[PDB]
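# Structural features, examined
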Amino acid sequence: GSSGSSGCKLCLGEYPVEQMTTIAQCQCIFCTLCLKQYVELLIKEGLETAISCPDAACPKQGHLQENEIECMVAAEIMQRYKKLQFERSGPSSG
Ligand SMILES: [Zn+2]
Ligand SMILES: [Zn+2]
């Protein structure tokens, strides 16, 4: 049977499982490249830390854990997200 390529719903491009990342939240796979630009573009902003799914048509609307991002982006970048997390912590409990 045919297998190997998982395809992408972001850049509409085909890529090997080698350069892809399967989200263990919404069984959503995407090419590192995209996922990288996605989580990055978001963090870079500095308004929201939670890295939702890069898919607008996600019935599960999963999120991207920290572990994923950590690797996805580089230390220099991660930091930006790391600080963003704290900013939004215990909005009720002090
Ligand atoms: Zn892609
Ligand atoms: Zn998803």
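Solution NMR is the method the PDB entry lists for this structure.

For the zinc ion (ligand 1), every protein donor is listed as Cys8 (SG), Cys11 (SG), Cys31 (SG) and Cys34 (SG), and the spread of their distances is 2.3 to 2.4 Å. For the zinc ion (ligand 1), the four donor atoms are set out with angles of 86 to 119° between them, so the coordination reads as tetrahedral. On the primary sequence, the residues serving as donors to the zinc ion (ligand 1) are separated as C-x2-C-x19-C-x2-C. Residue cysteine 8 is classed as buried on the basis of its relative accessible area of 9%.

In this section: unusual backbone geometry. Phi is positive for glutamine 27, close to 35°, though the residue is something other than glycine. Here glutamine 27 is to be found in the loop between β1 (20-23) and β2 (28-31). Overall, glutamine 27 belongs to the exposed group, its relative accessible area being 68%. Positive phi values are uncommon outside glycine, yet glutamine 61 reaches one of about 45°. Checked against the element boundaries, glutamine 61 lands in the loop between β3 (51-52) and β4 (63-64).

Moving on: the coordination of the zinc ion (ligand 2). Each protein donor to the zinc ion (ligand 2) is listed here as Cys26 (SG), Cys28 (SG), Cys53 (SG) and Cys58 (SG); together their distances run 2.3 to 2.4 Å. For the zinc ion (ligand 2), the four donor atoms are set out with angles of 86 to 118° between them, so the coordination reads as tetrahedral. Spacing between the donor residues of the zinc ion (ligand 2) along the chain follows C-x1-C-x24-C-x4-C. You can see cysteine 28 sitting in strand β2 and its partner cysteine 58 sitting in the loop between β3 and β4, a full 30 residues away along the chain.

Thresholds applied
- Residues numbered from 1 in each chain as written, not as in the entry; some residues may be left out.
- Chains lettered and ligands numbered in written order.
- Heavy atoms only, no water.
- Donors = N, O, S within 2.8 Å, 3.2 Å for Na, K, Ca; no water.
- Tetrahedral: all angles 85-135°; square planar, octahedral: opposite > 155°, others 65-115°.
- Buried < 20%, exposed > 50% of the residue type's maximum accessible area, 1.4 Å probe, protein only.
- Helix = DSSP H or I, 4+ residues; strand = E, 2+ residues; numbered from the N terminus.

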